[PDB]
>>> print(open('entry-v7.txt').read())   # compact mmCIF, C-alpha atoms and all ligand atoms
# COMPACT_ATOMS: atom_id res chain seq x y z
CA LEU I 17 74.55 200.28 49.95
CA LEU I 18 75.24 203.14 47.52
CA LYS I 19 73.26 201.36 44.76
CA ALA I 20 70.20 201.35 47.09
CA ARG I 21 70.42 205.14 47.55
CA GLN I 22 70.85 205.46 43.80
CA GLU I 23 67.76 203.27 43.23
CA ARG I 24 65.67 205.30 45.66
CA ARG I 25 66.52 208.58 44.00
CA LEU I 26 65.60 207.11 40.54
CA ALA I 27 62.41 205.74 42.03
CA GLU I 28 61.59 209.30 43.14
CA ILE I 29 62.54 210.75 39.76
CA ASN I 30 60.14 208.22 38.19
CA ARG I 31 57.39 209.68 40.42
CA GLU I 32 58.05 213.05 38.78
CA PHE I 33 58.28 211.51 35.25
CA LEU I 34 54.89 209.79 35.84
CA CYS I 35 53.28 213.26 35.96
CA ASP I 36 55.43 215.39 33.70
CA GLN I 37 53.37 216.79 30.81
CA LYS I 38 56.25 215.94 28.43
CA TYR I 39 55.45 212.20 28.75
CA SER I 40 51.73 212.34 29.31
CA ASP I 41 51.10 210.87 25.85
CA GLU I 42 53.03 207.70 26.75
CA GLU I 43 51.04 204.49 27.07
CA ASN I 44 52.22 202.14 29.84
CA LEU I 45 54.56 204.76 31.30
CA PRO I 46 54.81 202.97 34.70
CA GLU I 47 56.30 199.85 33.01
CA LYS I 48 58.48 201.95 30.69
CA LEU I 49 59.96 203.98 33.57
CA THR I 50 60.53 200.86 35.57
CA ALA I 51 62.35 199.36 32.59
CA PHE I 52 64.42 202.52 32.06
CA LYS I 53 65.35 202.72 35.77
CA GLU I 54 66.50 199.08 35.69
CA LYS I 55 68.60 199.74 32.58
CA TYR I 56 70.17 202.94 33.88
CA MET I 57 71.24 201.17 37.03
CA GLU I 58 73.10 198.50 35.02
CA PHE I 59 75.62 201.29 34.37
CA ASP I 60 78.42 202.03 36.79
CA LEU I 61 77.29 205.54 37.53
CA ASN I 62 79.63 208.38 38.49
CA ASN I 63 79.03 210.11 41.83
CA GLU I 64 76.62 212.50 40.80
CA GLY I 65 74.67 209.42 39.58
CA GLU I 66 75.14 210.09 35.86
CA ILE I 67 76.63 207.97 33.10
CA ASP I 68 80.07 209.40 32.14
CA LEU I 69 82.68 208.37 29.57
CA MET I 70 84.07 205.77 31.95
CA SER I 71 80.69 204.16 32.64
CA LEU I 72 79.81 204.15 28.95
CA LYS I 73 83.16 202.58 28.16
CA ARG I 74 82.59 199.80 30.77
CA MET I 75 79.13 199.12 29.37
CA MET I 76 80.53 198.93 25.83
CA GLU I 77 83.18 196.41 26.95
CA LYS I 78 80.49 194.54 28.90
CA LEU I 79 78.35 194.29 25.72
CA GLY I 80 81.33 193.37 23.51
CA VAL I 81 80.73 196.45 21.39
CA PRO I 82 83.86 198.27 20.16
CA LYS I 83 83.65 202.10 20.35
CA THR I 84 86.51 204.62 20.05
CA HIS I 85 87.11 207.58 22.42
CA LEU I 86 85.40 209.87 19.90
CA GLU I 87 82.51 207.61 19.05
CA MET I 88 81.73 207.54 22.80
CA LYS I 89 82.02 211.33 23.26
CA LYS I 90 79.59 211.71 20.36
CA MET I 91 77.21 209.06 21.70
CA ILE I 92 76.95 211.18 24.84
CA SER I 93 76.56 214.56 23.21
CA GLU I 94 74.01 213.15 20.77
CA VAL I 95 71.89 212.17 23.79
CA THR I 96 72.49 215.37 25.78
CA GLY I 97 72.16 217.78 22.83
CA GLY I 98 75.83 218.74 23.41
CA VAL I 99 74.76 220.40 26.69
CA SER I 100 76.71 218.10 29.04
CA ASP I 101 79.57 215.58 29.14
CA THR I 102 77.47 213.01 31.04
CA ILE I 103 74.05 211.38 30.59
CA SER I 104 71.55 212.07 33.36
CA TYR I 105 68.49 209.93 33.98
CA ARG I 106 66.37 212.60 32.33
CA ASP I 107 68.44 212.56 29.13
CA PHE I 108 68.40 208.80 29.26
CA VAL I 109 64.59 208.69 29.51
CA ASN I 110 64.27 211.27 26.71
CA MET I 111 66.43 209.02 24.52
CA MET I 112 64.46 205.90 25.35
CA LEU I 113 61.15 207.62 24.57
CA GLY I 114 62.34 209.79 21.63
CA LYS I 115 61.55 208.84 18.02
CA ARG I 116 65.05 210.01 17.03
CA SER I 117 67.28 206.98 17.44
CA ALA I 118 70.55 207.59 19.22
CA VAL I 119 73.47 205.21 18.86
CA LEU I 120 73.36 204.47 22.59
CA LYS I 121 69.73 203.36 22.33
CA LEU I 122 70.44 201.18 19.28
CA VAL I 123 73.37 199.61 21.18
CA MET I 124 71.12 198.81 24.20
CA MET I 125 68.72 196.55 22.17
ZN ZN P 1 47.13 204.86 28.81
ZN ZN P 2 50.56 199.38 33.39
>>> encode(input="entry-v7.txt", output="structure tokens")
Amino acid sequence: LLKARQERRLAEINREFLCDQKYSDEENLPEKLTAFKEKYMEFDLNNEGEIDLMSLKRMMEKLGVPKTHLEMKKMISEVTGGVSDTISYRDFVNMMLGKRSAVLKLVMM
């Protein structure tokens, strides 16, 4: 019942993202955030609730996509601007909505 607590917190974060000025130009934000929340939760999150190297690795093996230690560390820092070793839901939403196309995003679709 951890993944229900994780869902609820992301649901609340979406309530914030629905009003954040940063995304107020987005059309169909409710359906976008719902889609992003669903996708983020497909990852085995660490226990702050962020995607770390381990979760990224497990997703890569899930998707049948080969990535090296260093390609993965770079996929993360590309998405977090080098600020952090893990991808938070915020960074994940910024990636999904950004026009810059990160390797992690390309790998999703
Ligand atoms: Zn609209
Ligand atoms: Zn709608």
>>> closest_residue(input="entry-v7.txt", among="I:73, I:83, I:48, I:53", to="residue 27 of chain I", atoms="only C-alpha atoms")
I:53
>>> residues_around(input="entry-v7.txt", residues="residue 28 of chain I", least_positions_apart="5", cutoff="12 Å", atoms="all atoms listed in the file", output="PyMOL selection string")
chain I and resi 21-23+33-35+49-50+53+105
>>> closest_atom_pairs(input="entry-v7.txt", of="chain I", to="ligand ZN 2 (chain P)", cutoff="8 Å", atoms="only C-alpha atoms and all ligand atoms", output="CSV")
residue,atom,partner,partner_atom,distance
I:44,CA,P:ZN2,ZN,4.8
I:45,CA,P:ZN2,ZN,7.0
I:46,CA,P:ZN2,ZN,5.7
I:47,CA,P:ZN2,ZN,5.8
>>> closest_residue(input="entry-v7.txt", among="I:51, I:20, I:42, I:118", to="residue 93 of chain I", atoms="all atoms listed in the file")
I:118
>>> closest_residue(input="entry-v7.txt", among="I:38, I:75, I:18, I:25", to="residue 113 of chain I", atoms="all atoms listed in the file")
I:38
>>> atom_distance(input="entry-v7.txt", atom1="atom CA of residue 24 of chain I", atom2="atom CA of residue 74 of chain I")
23.2 Å
>>> residues_near_point(input="entry-v7.txt", point="(67.4, 210.9, 35.0)", cutoff="10 Å", atoms="only C-alpha atoms", output="PyMOL selection string")
chain I and resi 25-26+29-30+33+52-53+56+65-67+103-110
>>> write_last_selection(input="entry-v7.txt", atoms="C-alpha atoms", output="PDB file, in the frame of the given file")
ATOM      1  CA  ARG I  25      66.520 208.580  44.000  1.00  0.00           C
ATOM      2  CA  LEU I  26      65.600 207.110  40.540  1.00  0.00           C
ATOM      3  CA  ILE I  29      62.540 210.750  39.760  1.00  0.00           C
ATOM      4  CA  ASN I  30      60.140 208.220  38.190  1.00  0.00           C
ATOM      5  CA  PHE I  33      58.280 211.510  35.250  1.00  0.00           C
ATOM      6  CA  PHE I  52      64.420 202.520  32.060  1.00  0.00           C
ATOM      7  CA  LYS I  53      65.350 202.720  35.770  1.00  0.00           C
ATOM      8  CA  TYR I  56      70.170 202.940  33.880  1.00  0.00           C
ATOM      9  CA  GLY I  65      74.670 209.420  39.580  1.00  0.00           C
ATOM     10  CA  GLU I  66      75.140 210.090  35.860  1.00  0.00           C
ATOM     11  CA  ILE I  67      76.630 207.970  33.100  1.00  0.00           C
ATOM     12  CA  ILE I 103      74.050 211.380  30.590  1.00  0.00           C
ATOM     13  CA  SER I 104      71.550 212.070  33.360  1.00  0.00           C
ATOM     14  CA  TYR I 105      68.490 209.930  33.980  1.00  0.00           C
ATOM     15  CA  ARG I 106      66.370 212.600  32.330  1.00  0.00           C
ATOM     16  CA  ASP I 107      68.440 212.560  29.130  1.00  0.00           C
ATOM     17  CA  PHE I 108      68.400 208.800  29.260  1.00  0.00           C
ATOM     18  CA  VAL I 109      64.590 208.690  29.510  1.00  0.00           C
ATOM     19  CA  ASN I 110      64.270 211.270  26.710  1.00  0.00           C
TER      20      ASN I 110
END
>>> atom_distance(input="entry-v7.txt", atom1="atom CA of residue 122 of chain I", atom2="atom CA of residue 101 of chain I")
19.7 Å
>>> atom_distance(input="entry-v7.txt", atom1="atom CA of residue 37 of chain I", atom2="atom CA of residue 119 of chain I")
26.1 Å
>>> closest_residue(input="entry-v7.txt", among="I:62, I:41, I:112, I:19", to="ligand ZN 1 (chain P)", atoms="only C-alpha atoms and all ligand atoms")
I:41
>>> closest_residue(input="entry-v7.txt", among="I:64, I:57, I:69, I:114", to="residue 87 of chain I", atoms="all atoms listed in the file")
I:69
>>> closest_residue(input="entry-v7.txt", among="I:43, I:79, I:68, I:117", to="ligand ZN 1 (chain P)", atoms="only C-alpha atoms and all ligand atoms")
I:43
>>> decode(input="entry-v7.txt", residues="segment 29-43 of chain I", atoms="N, CA and C atoms", output="short mmCIF file (atom, residue, chain, number, x, y, z; two decimals), in the first residue's frame")
data_model
loop_
_atom_site.label_atom_id
_atom_site.label_comp_id
_atom_site.auth_asym_id
_atom_site.auth_seq_id
_atom_site.Cartn_x
_atom_site.Cartn_y
_atom_site.Cartn_z
N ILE I 29 0.48 16.79 -6.05
CA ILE I 29 1.45 17.57 -6.85
C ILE I 29 0.78 18.01 -8.16
N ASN I 30 0.05 17.11 -8.83
CA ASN I 30 -0.73 17.57 -10.00
C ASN I 30 -1.65 18.73 -9.70
N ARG I 31 -2.21 18.80 -8.50
CA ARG I 31 -3.12 19.94 -8.17
C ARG I 31 -2.34 21.24 -8.20
N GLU I 32 -1.12 21.20 -7.70
CA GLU I 32 -0.20 22.35 -7.79
C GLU I 32 0.17 22.66 -9.28
N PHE I 33 0.60 21.62 -10.02
CA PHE I 33 0.98 21.81 -11.42
C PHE I 33 -0.19 22.36 -12.25
N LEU I 34 -1.44 21.98 -11.93
CA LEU I 34 -2.59 22.58 -12.65
C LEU I 34 -2.70 24.09 -12.50
N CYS I 35 -1.98 24.69 -11.55
CA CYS I 35 -2.13 26.15 -11.34
C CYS I 35 -0.84 26.93 -11.47
N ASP I 36 0.26 26.21 -11.52
CA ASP I 36 1.57 26.83 -11.66
C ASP I 36 1.59 27.67 -12.94
N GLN I 37 1.99 28.94 -12.81
CA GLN I 37 2.19 29.79 -13.98
C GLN I 37 3.08 29.16 -15.10
N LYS I 38 4.11 28.45 -14.70
CA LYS I 38 5.05 27.82 -15.61
C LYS I 38 4.34 27.00 -16.70
N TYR I 39 3.21 26.38 -16.37
CA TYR I 39 2.52 25.50 -17.31
C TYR I 39 1.19 26.05 -17.75
N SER I 40 0.94 27.33 -17.50
CA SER I 40 -0.38 27.87 -17.77
C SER I 40 -0.65 28.06 -19.27
N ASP I 41 0.37 27.86 -20.10
CA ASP I 41 0.18 27.91 -21.54
C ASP I 41 -0.23 26.54 -22.06
N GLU I 42 -0.18 25.49 -21.23
CA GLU I 42 -0.41 24.14 -21.76
C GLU I 42 -1.87 23.94 -22.01
N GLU I 43 -2.19 23.38 -23.17
CA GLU I 43 -3.54 22.97 -23.54
C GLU I 43 -3.76 21.55 -23.03
#
